[PDB]
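Student: My structure is below; once you've seen it, I'll send some questions.
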Amino acid sequence: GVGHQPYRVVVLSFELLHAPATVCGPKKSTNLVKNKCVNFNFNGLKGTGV
Amino acid sequence: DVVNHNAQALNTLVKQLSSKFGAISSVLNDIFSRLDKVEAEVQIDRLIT
Amino acid sequence: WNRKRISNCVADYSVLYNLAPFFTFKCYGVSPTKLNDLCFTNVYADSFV
Amino acid sequence: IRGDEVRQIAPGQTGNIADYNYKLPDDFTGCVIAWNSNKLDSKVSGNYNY
């Protein structure tokens, strides 16, 4: 039966930490803007600031 | 005491933003960038309340 | 469990999503539609039948 | 559709079909009814009309 059929199960564990990171997504980085109020995304840390 | 009560109350009101109030995180941008809408709008609801 | 260290690389979950042998997903803490929009320190994979 | 792709069709859920043909809106109040239609659609040596 399907309940008795074998399954390949993979558990992926991530480390959402306030730490330097090595693994990132397919989207890449743009140029830096200084001394001007912009929206920003620093390693998943999103916000609005100068 | 007149100065100190207002200073202590404003410091308490500033430091109250660190509490999660049952949410997984106290950062609204982290919640929005990590979760979907249908549960983000109950986590942010808890934080707003 | 063969603990696989996934680090120092671009994690494209659309590559795994486009593949046919990927049937049931269930993600905790992170919305599965936003897995391409986050950064992690290290990723640990465990695989078992 | 092939039956394992229909689960893409949801409010805000990603996928090639739901991104490139029609998206369900985020405030969608609706119902989804699906049924296997082998005898209605699937022919001998494949049905290429879909």
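Just so you know, all these numbers are worked out from the coordinates, no wet-lab data involved. Cβ atoms come from the backbone with ideal geometry, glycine included; neighbour counts cover every protein chain shown.
Student: Just for segment D:25-50: of the residues that are within 22 Å of B:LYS37 (Cα to Cα) and away from chain C (no Cβ under 13 Å), which one is nearest to the chain's Cα centre (by Cα)? Working first, answer last.
Tutor: Of segment D:25-50, the ones within 22 Å of B:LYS37 (Cα to Cα) are D:25-32.
Now narrow it down to the ones that are away from chain C (no Cβ under 13 Å): D:25, D:27-32.
Values: D:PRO25: 15, D:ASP27: 19, D:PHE28: 16, D:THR29: 17, D:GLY30: 15, D:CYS31: 13, D:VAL32: 10 Å.
Looking at the filtered set, the residue picked out is D:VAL32.
Student: Still on this structure, please answer the following. Give the residue that is surrounded by the most Cβ atoms within 10 Å (Cβ to Cβ), with candidates limited to residues of segment C:28-43 that are part of a loop (DSSP other than H, G, I, E, B) and of a type in the set (A, V, I, L, M, F, W, C). Don't jump to the end; show me each part of the working.
Tutor: Within segment C:28-43, the first condition is being part of a loop (DSSP other than H, G, I, E, B), and the residues that meet it are C:28-31, C:38-39, C:41-42.
Narrowing the set further to residues that are of a type in the set (A, V, I, L, M, F, W, C) leaves C:30, C:38-39.
Numbers: C:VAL30: 18, C:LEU38: 20, C:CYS39: 18.
Once the filter is applied, the top-ranked residue is C:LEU38.
Student: Within segment D:4-35, how many residues are within 21 Å of C:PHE22 (Cβ to Cβ), of a type outside the set (A, V, I, L, M, F, W, C) and assigned to a loop (DSSP other than H, G, I, E, B)?
Tutor: Total meeting the criteria: 7.
Student: Check C:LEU35 against each of (1) at the interface with chain A (Cβ under 10 Å from one of its Cβ atoms); (2) more than 27 Å from D:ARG7 (Cα to Cα) and name the one condition it does not meet.
Tutor: Failing condition for C:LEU35: (2).
Student: Go through (1) exposed (fewer than 12 other Cβ atoms within 10 Å of the Cβ); (2) in contact with a helix residue (DSSP H, G or I) (Cβ under 9 Å, 6 or more places away or on another chain); (3) at the interface with chain A (Cβ under 7 Å from one of its Cβ atoms) one by one and return the number of the condition C:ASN8 breaks.
Tutor: (2)
Student: Right, another one. Being part of a loop (DSSP other than H, G, I, E, B), away from chain C (no Cβ under 14 Å) and exposed (fewer than 12 other Cβ atoms within 10 Å of the Cβ) is true for just one of A:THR48, A:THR30. Which residue is that? So that I can check it myself, show each step before the final result.
Tutor: Details: A:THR48 fails: part of a loop (DSSP other than H, G, I, E, B).
Being part of a loop (DSSP other than H, G, I, E, B), away from chain C (no Cβ under 14 Å) and exposed (fewer than 12 other Cβ atoms within 10 Å of the Cβ) holds for just one of A:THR48, A:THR30, which is A:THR30.
Student: Which residues, counting only those in segment A:22-50, are more than 18 Å from B:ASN29 (Cα to Cα) and not basic (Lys, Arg)?
Tutor: Passing the criteria: A:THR22, A:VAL23, A:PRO26, A:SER29, A:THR30, A:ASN31, A:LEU32, A:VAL33, A:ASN35.
A quick yes/no check of all residues on (1) surrounded by 14 or more Cβ atoms within 10 Å (Cβ to Cβ); (2) in a loop (DSSP other than H, G, I, E, B):
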position: C:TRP1; (1), (2): no, yes
position: C:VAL15; (1), (2): no, no
position: C:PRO21; (1), (2): no, yes
position: C:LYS26; (1), (2): no, yes
position: C:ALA45; (1), (2): yes, no
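Student: What is the residue count in segment A:1-27 for residues that are more than 7 Å from chain C (Cβ to nearest Cβ) and in contact with a strand residue (DSSP E or B) (Cβ under 7 Å, 6 or more places away or on another chain)?
Tutor: So the answer is 0.
Student: Mind checking whether some residue in segment B:3-14 is assigned to a loop (DSSP other than H, G, I, E, B) and more than 22 Å from D:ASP27 (Cβ to Cβ)? Reasoning before the result, please.
Tutor: Here is the first cut: in segment B:3-14, the ones assigned to a loop (DSSP other than H, G, I, E, B) are none.
No, every residue in segment B:3-14 fails to be assigned to a loop (DSSP other than H, G, I, E, B) and more than 22 Å from D:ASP27 (Cβ to Cβ).
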